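Same chain, two forms, each on its own as structure tokens: structure 1, then structure 2.
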Structure 1
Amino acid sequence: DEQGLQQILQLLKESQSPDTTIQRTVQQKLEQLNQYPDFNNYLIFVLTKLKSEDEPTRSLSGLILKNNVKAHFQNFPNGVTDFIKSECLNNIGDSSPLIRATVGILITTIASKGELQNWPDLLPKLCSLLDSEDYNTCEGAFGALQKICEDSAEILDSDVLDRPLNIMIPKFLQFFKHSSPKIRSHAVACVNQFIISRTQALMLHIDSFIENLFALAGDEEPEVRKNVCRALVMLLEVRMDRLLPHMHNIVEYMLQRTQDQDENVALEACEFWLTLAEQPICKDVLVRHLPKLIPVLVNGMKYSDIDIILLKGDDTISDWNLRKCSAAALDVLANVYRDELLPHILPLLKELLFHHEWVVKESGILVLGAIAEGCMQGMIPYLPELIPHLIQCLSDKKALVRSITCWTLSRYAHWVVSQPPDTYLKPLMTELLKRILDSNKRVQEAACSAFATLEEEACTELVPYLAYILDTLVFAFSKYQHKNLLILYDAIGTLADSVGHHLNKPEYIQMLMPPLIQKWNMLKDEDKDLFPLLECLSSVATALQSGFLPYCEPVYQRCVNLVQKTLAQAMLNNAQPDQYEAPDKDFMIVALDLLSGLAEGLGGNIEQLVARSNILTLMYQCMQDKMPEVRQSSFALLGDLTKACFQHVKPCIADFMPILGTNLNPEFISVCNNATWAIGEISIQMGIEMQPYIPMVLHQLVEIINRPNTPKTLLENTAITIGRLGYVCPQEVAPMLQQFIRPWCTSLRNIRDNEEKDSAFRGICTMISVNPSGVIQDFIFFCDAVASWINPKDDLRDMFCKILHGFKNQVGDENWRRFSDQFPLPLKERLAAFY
């Protein structure tokens, strides 16, 4: 503390040297000295007790200390920590603003990484320094308390410390009228941290808080209005009831603060419209202010002069701007007012899309895109004019105009594909393919994403141009960076999903596969760049089907290795977590999905590969995995392999079914769906041998059917599975026919007459023959299910007729008359004519 103190001071002066090499070499020393027990004893000493040396040196040591708290604080001796905690609280409100801010950031850091409860008398001291007549001590404590409330937004406790916000919050509200704007801004910032959290200490002061907010509403300092605006936005959700009286006064206030001097204030005031547009009373209040708000929102969607510099041209900007916030606000408002928003948009929109200034024109196109979803039914008449114009905007000289044009066109893709292909679709697809190979990297991703969107709405409408589409996409595999390669992977994979088996042509495979095999061979099993590639190949393998035969073996082998290694590393981590790290299961999930692609694509051709491999054992380990997505992907592989090669899956049914029966829990939808679908596919292959496995599966399935909410995809899948289960073993399914048939019929009556609908109904008829007692009570639903059929197969029709006539003979021609009269006309007439 005297013979080694100058040894550190010289390192502080040397660390401030303008030489780059000298800096990093000394910074390393302060890490090699950090491993000493009382090295941090010096850093805090220089900051507070060494008031002889210059300020930037004293500050630097305190900031080196701070970095020695954000790291290596787990090894911080309690004796030394007690020293720093005491010295900082002492020098709160130091004369030098540089030293004070250095001290303040130490307190907020120690209380952040190190926990708050480990510093007991932190809040009681800071909250008692707010009354100090020394302004610096007041600001220093208040500036720290703000960062504490931000870092510790929780620790509201309500029974952990003392609920310190019972004294702090009422004290905070008193500082809303303090002289200094810097103090007022602090006071409002602290309270705002406990608005959404429904703080009981603040909610019983909600009247004093709002009244104090109205006073600070017209403050000069923008940092005050910034916080006041944020507070009102938050109060719009949690305590809407206390704003209705002063509602229109606030809306006007927010409407001016949206056009505020400080853009920072303008953003927070703009979030008010997003919040308000999600409230039930929105469509009642804003109607008055609509003609005055709409142009303000649109005008804010223009590119600022700063953005046009960051975005070169005449992802380098923030995630949230005034532009994106106004775009979002206009998006949501469009879905609230629907077509009633058009009279406020269409006039100014007409004078925006054909404007000569590119900035003003670009913002106009964005407006057209934002209101697409909501005002769709009102924009359709204006589309035959706008759509051909936007396709021309794809050829604009400006880059930012071309990119936004791709996106706006993609939001009307549903209408374009509904129209004749050769008027909109063909020129749009052509011009969009041109922007994929654009010179500007930003326009590329915009078009490649827009094209991927176009492919989903068009599907088989792109089959004629499938050679034109592929030539552009494949060529794009040579001039694309790693950022846009992801979008390309999506566009290619989406194409295969859209055109389906139409992609299975020799000339297509000849150009589409070699670039994919290129990336395949250049990546190692640890590179996370495999995730987008194999997801793409999963769609391609499913589409190419048998055309994927010459590529199956090297793909199949590597996928098994990925799953096997991921599971092996998982076992190692489970045994010794300290020596072996946990593996990324995304490698396993992705590899399993590609295996499903092969099984679904090749079918029986994968039989030789499923055998001579341990994929069955690996799947058995994947189904037990903690991660639901892993279980989701493995169950999907089980079903696809059930159809492909059941002769290899059959010896493992005994241990598969109990796991399948366990994962019939609707908490994880996708897991429950794939499990249910797997059971159904297994039932077909088993036959009457499915008998012992039914009781541990059926009870869940019936529960899922009668279960409220739930997606239709799970209801349909559960009905088909039960139907397939009833077809193979009627004895163990028929007695419970009485209690699932009501939602069973309503679920399958809206499905087209396909194979899945056939096998399900073929089962409901089999367990109606056995125990017909269950269909009698709710026979109204079975009729509507049968009358939904247009062209059922002959044997299934005979089954329907034999059941309907059977019921008709049970009740008589007179009872059947009165019973059939409650049917709608087309349903009543169909049953009479068909059966």
Structure 2
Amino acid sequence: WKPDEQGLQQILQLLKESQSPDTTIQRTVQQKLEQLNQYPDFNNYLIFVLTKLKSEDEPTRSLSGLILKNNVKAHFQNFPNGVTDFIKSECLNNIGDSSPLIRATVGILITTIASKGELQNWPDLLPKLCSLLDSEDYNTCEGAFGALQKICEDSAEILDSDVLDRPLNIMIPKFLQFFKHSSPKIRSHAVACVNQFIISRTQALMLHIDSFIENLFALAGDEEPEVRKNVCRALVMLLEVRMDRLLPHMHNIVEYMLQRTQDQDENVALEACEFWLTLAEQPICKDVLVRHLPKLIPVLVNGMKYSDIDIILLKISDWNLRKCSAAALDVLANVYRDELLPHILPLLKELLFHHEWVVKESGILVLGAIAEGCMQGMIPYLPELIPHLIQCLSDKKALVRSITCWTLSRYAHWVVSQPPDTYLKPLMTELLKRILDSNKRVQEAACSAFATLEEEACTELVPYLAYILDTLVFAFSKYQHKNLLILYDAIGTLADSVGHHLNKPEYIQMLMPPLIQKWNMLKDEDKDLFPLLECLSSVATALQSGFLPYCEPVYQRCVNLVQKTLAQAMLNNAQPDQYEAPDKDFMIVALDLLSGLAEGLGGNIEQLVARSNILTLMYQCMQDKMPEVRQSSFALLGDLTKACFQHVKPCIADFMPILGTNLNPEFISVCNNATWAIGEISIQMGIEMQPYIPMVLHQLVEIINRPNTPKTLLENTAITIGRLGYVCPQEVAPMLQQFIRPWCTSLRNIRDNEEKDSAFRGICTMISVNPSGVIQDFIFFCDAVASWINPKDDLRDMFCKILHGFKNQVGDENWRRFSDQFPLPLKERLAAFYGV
């Protein structure tokens, strides 16, 4: 292609301008390029200034290539094929330019075009790059491999595909040849390329796997960081997918990776340390580690010290050698449990009590990291560590304060199982103080720590409730976005832990206004809602009637959020390319607040359901393909069925069928909530339930008889069957023979409450009506009856009837035959209570 001597002048004036000091001189020239962009012939000039025009300067030539690259990103589909084909050929001729800046620029064009433009449209690119790897000119080799690395990273899944006739079958073995090159730059590219295809179990690579391993081993000595980095990466990925082939060499690998975890370079060490985190997940960790464990624990622990750059950032960092080391230690502690303690105690002994805060801080981290795994072993030292930790809560250094909050929170359960004045109370007091610490990290650590403590403490918090509220309320005005979300968790957890004790006027007059304020500031798009509504759901359940003044605005918005979300779903479904699918977490959260509100308010919710389409929406929610949505909606169904059934009764005919299909233990929770819901429905239908029982009974029975089914599900099924039989014994009783065993085995164990009552009534009814059912397993029923400490009188009297009924009708000393295989309490419980 031929540039014009006058067009050229113009572009060089731009390039030279865009390469400038003044801010406002750049804003105008920026928008001057935005004009020229869509004119294809612009790109012809850009690539011309780069690849030709050597008389022109290097910074300007590079920028020309880099601007073109941004065009490629922005507007490449519209490039005409002759411009494109010009660029591609021009790049490839200069991929090994003598100048590093030029070379790099050309490189990134190549890789950008290869991803944006897509590989099938440059079908010679790979064999061409692969051919240039053998170039005698070093810089050409490097350049090709620079591109190849980036392409492998950007497009691995395409390469390992039918799309390009499966080129990894030559490429991978070619790459391995390059592990033995004399340039570390090229060795590194070679390994980086091959690593892109380990997790994907690329067949070319699997075939060559023992040659990959041998070749990686030969880079064990290598003393260049980027090669070490990639050998470590490789070994870590191999452990994940082909441990079978590593095993022969496992000892030598572990030796190597332990060296690299101690590496001088934090980036290499981070990649090595990942090996211990993967290895800990595998069931031969103990065997593999036996000869190195002793040294690994100190190496990990030492890696847990803050780097210097970590510290300054923290006065949102992310994943690093400290974090990785700590994660490794936490997992190892769950593997080795108390066997780890003797390795750790010598190190903790010299870190906890140390004058340099960075060292001490790391020791407190260790103490938290191993808490889960090593609890039993740790108990004897807690009486001294805990008060020590509480002292450190008021340490001068902020980062010591924050890690202290967390570590203390990791031993909450023990703290709470002791006398409350010994540890719990002082810990509370010091954590509360730190909730308003001047440092943000400490604020989040303390608020979170306190939330974890609240969960363990439950009713023990009730006496410090006014202290707790005054502090958390103030944090509402203090805390900014990140700790606010944690505050909401703390509040909601408070509410779940102290329930109705929260329902006091002064506590409400301080709490609800700031909550609502935060409600109203937020937008329905804002994910900060999730923690806020989970929070209110919890509060509402706990304030019950207290919440009335605050409910209507909240109720409506929740129902509208579900509405909104179901709408975006429909939209995305219709125009997928034009509307983004919705985040169904908004619907789940809203549905769960409405349950919390149905539960809190009972019948006081009725006036609201009466002005709502919530049942209409629930009908779509119950049919959503995401379990967690169905789960939430069946919960809400139960709740409204209890609170205000007059509004639910019209929908039962359409609901019951769907409840039918969802009695599927593929999804435990969906199934549990459906089951529960059905049961509560029955209590409201009464006899009118008769038409609907066939839809559910068989699978209720299937579930109650199914092995390895969680107990809370079994209980619910037992109770639901019970409730069906109570209102419709005729339909239910016949299958009694098939359910009475696990029904009895399940409800034996639950407390004397209203659910139990309901279910037992229903079983009593079904017995009269089909005694052939209990007879064979009638002891189970007796046992079940003896589960009751004080039955309501009328149920006691049904127990009499059935028992006398069986005692009389069988024979007044066949009873005594049968009675003598009852255990003692049972026998006597029956004798004194039922005259039997």
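Numbers given to residues start at 1 and step along the sequence of structure 1. So that the term is clear: the rigid core is the largest set of C-alpha atoms that superpose within 1.5 Å between two forms.
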Notebook entry, point to check: If the chain is split into two rigid parts moving between structures 1 and 2, is residue 147 assigned to the same part as residue 433?
Noted result: yes
Notebook entry, point to check: What turn in degrees does the smaller rigid part make against its larger partner between structures 1 and 2?
Noted result: 11
Next item on the list: With the core fitted, just quote the Cα shift at residue 742 between structures 1 and 2, in angstrom to one decimal.
Entry: 6.1
Check: After fitting the core, how far does the CA of residue 284 move between structures 1 and 2, in Å?
Finding: 1.4
Next item on the list: For residue 817, give the CA shift between structures 1 and 2 in Å, the superposition being done on the rigid core.
Entry: 10.0
